[PDB]
Each structure stands twice: as structure tokens, then as C-alpha cells.
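Below is one structure, written out as C-alpha cells; comments come after it.
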Amino acid sequence: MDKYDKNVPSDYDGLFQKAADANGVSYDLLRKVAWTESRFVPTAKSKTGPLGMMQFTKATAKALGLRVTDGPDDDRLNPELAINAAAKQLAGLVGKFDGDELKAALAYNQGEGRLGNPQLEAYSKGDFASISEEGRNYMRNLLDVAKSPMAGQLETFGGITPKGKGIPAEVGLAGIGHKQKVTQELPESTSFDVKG
Amino acid sequence: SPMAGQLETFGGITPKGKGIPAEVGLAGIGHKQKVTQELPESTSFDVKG
Amino acid sequence: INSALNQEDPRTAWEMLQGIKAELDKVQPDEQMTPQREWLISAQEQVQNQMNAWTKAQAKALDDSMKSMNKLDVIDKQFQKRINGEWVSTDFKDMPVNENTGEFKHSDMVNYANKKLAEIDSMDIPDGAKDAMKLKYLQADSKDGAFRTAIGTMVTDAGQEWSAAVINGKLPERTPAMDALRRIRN
Amino acid sequence: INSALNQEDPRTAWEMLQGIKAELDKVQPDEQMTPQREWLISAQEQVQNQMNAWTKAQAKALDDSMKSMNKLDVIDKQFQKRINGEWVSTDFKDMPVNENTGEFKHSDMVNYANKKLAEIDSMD
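Residue numbers (the deposited numbering), protein chains in the order written: chain D, 1 to 196; chain B, 148 to 196; chain E, 313 to 498; chain C, 313 to 436.
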């Protein structure tokens, strides 16, 4: 997983354009958010591990106003309605932040409340020091595909010199990793078949 | 307390500094537990003929 | 800087170092190399080394879990071959062994049996088809398998019920095991 | 300073270092960096490293005990299913195994039986 694979042959993307047109969200932002949350991986295992493309949590799933209490313990497993709900939430966030501010809407990552309101206030003041590390990294990962008035102030935050640019962790730690030695190539058995 | 300000200015690196409580100097340093209370579930062999 | 280097997640340490660099930019507002920017460059290099060591452990853990999934897949394939009419052994000691599986254990068969029973229970079919599938898995199972161990409690309880009834000269008010075994016989 | 760095509990070492800093403030009553304040800054960094290594061991021990508690919970669930009339095996060799339990032992069943008997005896 490098550079988000912008022009890779688009796998299972017959849903993002329709949700984007229905709700008004940018196609690139929605696709990038889906890739960041799940990397289009069908298993998406974690502490909670929602295998859906939008790696939600139970609290957010219920707060979205869906009928989540259905199916396999969670109804947001069929991709289309989960993606549509995420697109509607993103559109509501973008619209409510005075214009096309495509990065304050990343309150999507932190929410609004006891841990999200002060960070949004700090973003409004342009004081990135009061935003958490998780929020700062999550916004850094979306700088390539986003339209914001503070997209240039965030990239020049954390430079080694005041004229330098900060380095996102996806670039500073890029390329460092180890391959898995176990593969899904299973051993095969043979039947003792003697047709006399 | 009347000595709440004298205790905080105790242990500073300089006489005009403030001491650092261990809850702040060692804050954030820790490791997560790899074991969770998510138990494996068993299934009954139920055939109602 | 030292507390940012003692985080368990390197991705958090990197962002903490970026914040510290932003703080330092307000007291050293020029472009030259100072002994305090060397601190931060060394810290970032150390965080890269930590990322290497972290990816070691992540890959190893993922391999450990993937071996268990592979063993379950192999057992499932073996029962599928046996049910279709092929002459293979469904004992866990006779499963094919690879570098992607390792050696098989009894708990692997226990987990496979539990997972298979749950999956059959989650199917959208009438109860007769579910019983037919469960009995196919019971018939294909080996002598000391988990499917035969789960239903062996029924047989033990039914035998105990009958023997105790003969000794006491009266059937108890409830004989759930005998009724269940008789229905399975039907 | 070296004795403060040889404590088993890092939280005690930190407070010992704060006391040593307070002692040093009475002989170096100014704000400049001296080779003796470098001693104390290095000592505090070493104590932070010790705290990291200490949290390793604490987390590992807590995981080890939590696995035993999880195994007892699994055995209790299995007997509860069996008593209610389900056809499951209550042998410790047939308990479901996870990454949160490990492998079961005979002593696990011994401990479960003793605990269950005591709990039944403590009922009103």
C-alpha cells in the first residue's frame, strides 16, 4: 500500500460516484476516506473489525440513524447503504463548516463533543498544536485530495526550519516493513482410489 | 493550601523552575495488553429429528 | 523528545516529533543547522528504526494467526472430500502438513467442529436439511473426532438413564437424552 | 544519582531525582546549563527508558493472569450450557481454544471445581 493507488484499476467503485452525486461529496475525497479506513480489504480485522468499507463503530453506527440492529449483529455490512450514510454525513459536515472546507469536516474522524469541539476550535484559530496526533495525521493523509483554505498552513507545520514542510508518517516511515512468511498455499490430500 | 505553591517549586532544574510530578514526566509511556475478554464460543450438536 | 521516543506506536511518535519541530520553529526562526535540530533529526532516524522493529512483530503475529486459518481450511477440505465419497482420513493426525500450516492439534478439530456447527445453524434452510448436513458431518467424522464427542454425551446419558431405570425399577419423569437419541434415530 | 537509577520502581526513581534537583538548586543558584544539570537531565531520560521496560513486564504479567481468568470463564460457560440441556463436552480437552485462552490444563478444571464448590457454599 503506497501512494493510495489513485489510478489503479478501480476495484468495486461502482458505488462512490452515485453516492457522491446523491449527496454532493467529492468523489476523490470519499474514495480516499474509504481507502484510509479499510484499504478496500474485505476482512478489515481490528479491535472491533468492521469488514465494511467504512470502518465504523457501534456508537457511530447507531447514531447515524440507521437500522443497524439487524442482520449479522450489525446492518452496516452491505456496502451500499453504509457508503451512502457515510457520504451523507460527510456532505452534512462539509456544508456546515461555512463553505467547501474539506478538512475541518474531518471532525468525521474525531466527532463533535468533549474530545472534538476544542480541536475544531483550534483548527478555526489555525492552532494545530492543540489538535491531537491522530487528527493531525488523519488530515495530513488527505492533503493530496482536498480543497481547503488551510491546506497550505498544515503542510508547513512541523518543518525542521520555519521555511520547511512537515513530514507525514506515511512518507517518513514509507518503505519500512517486513513480508509475511506464511501463505494461503495449502497442502493437498489424495484419495486411495483403486477401481478394481 | 498555603504551601501549594512551595511544593510545585520544589525539585526544579533551576531555582526559578518547577518540579515535575511522575504522572507528567512518565505520562504516555505504556504498553497495551494483548489479551482481551473476547471468549471463544461453543456450539451444541442439536439435531431435532 | 525522549518521551516521544518511548511510544509503542511509531506513527504516533512521528507526529509528536513533528509537533516538537513546530514548537522549536518559534525559538530558532532561521535555516541554519543548530545542535537542537540535530536532536530532532536523530529522533526521526530512531523512530524509523523503531518502525522496522515494529513491523517485525506485526508480521510475525499475522503469520501466527494465518497458520491457524490455513489449518481450519485444510480440515474443511478434508471433510468435504470425505463427504463426497473419497477415501481419506479425517483424523487430525492424518491431515497434510505444510510450512503454511504447521502441525495439527486436537483443539484445531474442536474449533473446526464448533465453527461448522454454528455455520450450519446460521443457514437459511428448513430444519430437515440442517439435520441432514449435521448427520453427514457426523458420519464422515473419525472415531475420536469432535463431532462424535459432542453426540457421545447424548449416548452416555441415554445409557445411564436406562441402566438407572432398570436398577430402580421405574422410569424417571424426564429422559431427555433417550428422547433426543430416538428422534435422531427416526 | 546512580542509586536513584537502580530502583525497581521508576515512579520512586523520578521523585528521588526531583529531590536531588532540589538539593542541587542550593549550590547552583542560577539558570545556566552546567555539567551537573546535564547529569540530572540524562538521569531523567534513563528513568523514562526504565519506565518503558517496566511497562513491558507489567503488561505481560497482566496478560498471563487474564488468560487464566478467561479459561475459567470458558469452562463455566460450558457447564452452564451442559446443565441447561445442550449436547456439549465438559472435558477440558474439548474446550474451545482462542488466543485469549491458550491451551487448557487439568489444573484449570481442578481450580474451576474448587471455585464453583466454594461459590455454591457461599450462597444464601
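A virtual CB, placed ideally from N, CA and C, is assigned to each residue, including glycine.
Chain E within 8 Å of residue i, Cβ atoms only
i: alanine 122 (chain D); result: no
i: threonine 190 (chain B); result: yes
i: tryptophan 399 (chain C); result: yes
i: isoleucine 176 (chain B); result: yes
i: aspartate 406 (chain C); result: yes
i: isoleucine 160 (chain D); result: yes
i: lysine 179 (chain B); result: yes
i: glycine 196 (chain B); result: yes
i: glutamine 360 (chain C); result: yes
i: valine 386 (chain C); result: no
Proximity below 8 Å, CB of residue i to CB of residue j
i: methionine 53 (chain D); j: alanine 22 (chain D); result: no
i: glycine 196 (chain B); j: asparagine 410 (chain E); result: no
i: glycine 158 (chain B); j: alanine 334 (chain C); result: yes
i: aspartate 420 (chain C); j: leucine 384 (chain C); result: yes
i: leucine 51 (chain D); j: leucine 77 (chain D); result: yes
i: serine 377 (chain C); j: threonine 461 (chain E); result: no
i: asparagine 117 (chain D); j: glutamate 327 (chain E); result: no
i: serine 148 (chain D); j: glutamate 101 (chain D); result: yes
i: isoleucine 313 (chain C); j: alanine 355 (chain C); result: yes
i: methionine 445 (chain E); j: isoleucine 463 (chain E); result: no
i: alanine 174 (chain D); j: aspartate 2 (chain D); result: yes
i: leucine 15 (chain D); j: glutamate 121 (chain D); result: no
i: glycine 166 (chain B); j: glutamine 330 (chain C); result: yes
i: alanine 20 (chain D); j: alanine 87 (chain D); result: yes
i: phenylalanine 391 (chain C); j: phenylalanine 404 (chain C); result: no
i: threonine 367 (chain E); j: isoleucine 176 (chain D); result: yes
i: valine 194 (chain B); j: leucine 447 (chain E); result: yes
i: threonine 57 (chain D); j: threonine 69 (chain D); result: no
i: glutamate 398 (chain E); j: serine 191 (chain D); result: yes
i: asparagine 318 (chain E); j: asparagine 318 (chain C); result: no
i: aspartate 13 (chain D); j: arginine 39 (chain D); result: no
i: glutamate 320 (chain E); j: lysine 181 (chain B); result: no
i: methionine 435 (chain E); j: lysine 428 (chain E); result: no
i: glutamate 37 (chain D); j: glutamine 17 (chain D); result: no
Own chain, CB closer than 7 Å to residue i, minus 5 neighbours either side, in chain order
i: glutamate 170 (chain D); result: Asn141
i: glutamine 119 (chain D); result: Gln110, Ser130, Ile131, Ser132 and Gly135
i: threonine 413 (chain E); result: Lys379, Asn382, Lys383 and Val386
i: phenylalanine 459 (chain E); result: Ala425, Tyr449, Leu450 and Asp453
i: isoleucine 332 (chain E); result: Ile313, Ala316 and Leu352
i: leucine 493 (chain E); result: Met466, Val467 and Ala470
i: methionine 150 (chain D); result: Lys103 and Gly126
i: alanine 105 (chain D); result: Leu90, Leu93, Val94 and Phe97
i: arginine 394 (chain E); result: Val400, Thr402 and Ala452
Contact with chain D by residue i, beta-carbon distance below 8 Å
i: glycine 331 (chain E); result: yes
i: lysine 427 (chain E); result: no
i: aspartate 337 (chain E); result: yes
i: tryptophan 351 (chain E); result: no
i: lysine 417 (chain E); result: no
Contact set for residue i: own chain, Cβ-Cβ below 6 Å, skip 5 residues either direction
i: residue 439 (chain C); result: Since the displayed chain C opens at 313 and closes at 436, residue 439 (chain C) lies outside it and no answer follows.
i: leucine 64 (chain D); result: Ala85
i: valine 359 (chain C); result: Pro322, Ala325 and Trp326
i: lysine 62 (chain D); result: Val68
Other residues of its chain near residue i: CB distance less than 8 Å, five sequence neighbours each side excluded
i: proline 488 (chain E); result: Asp469
i: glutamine 348 (chain E); result: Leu336 and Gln340
i: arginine 67 (chain D); result: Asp75
Near the ligand ADP: residue i beta-carbon under 7 Å from a heavy atom
i: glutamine 344 (chain C); result: Judged by which ligands are present, the structure shown has none, so any question about the ligand ADP falls away.
Within-8 Å CB hit, residue i to chain C
i: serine 354 (chain E); result: no
i: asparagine 498 (chain E); result: no
i: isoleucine 395 (chain E); result: no
i: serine 454 (chain E); result: no
i: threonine 468 (chain E); result: no
i: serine 475 (chain E); result: no
i: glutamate 155 (chain B); result: no
Closer than 8 Å to chain B by CB, residue i
i: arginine 486 (chain E); result: no
i: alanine 373 (chain C); result: no
i: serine 434 (chain E); result: no
i: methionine 421 (chain C); result: no
i: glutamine 390 (chain C); result: yes
Proximal chain A residues relative to residue i, where beta-carbon distance stays under 7 Å
i: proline 438 (chain E); result: You won't find chain A in this structure, because its protein chains are D, B, E and C.
Next on the checklist: Three or more C-beta pairs under 8 Å: does that hold for the stretch 181-193 of chain B against the stretch 395-412 of chain C?
Outcome noted: yes
Checklist entry - With a cut-off of 8 Å, do at least 3 Cβ pairs link the stretch 143-162 of chain D to the stretch 326-342 of chain E? => result yes
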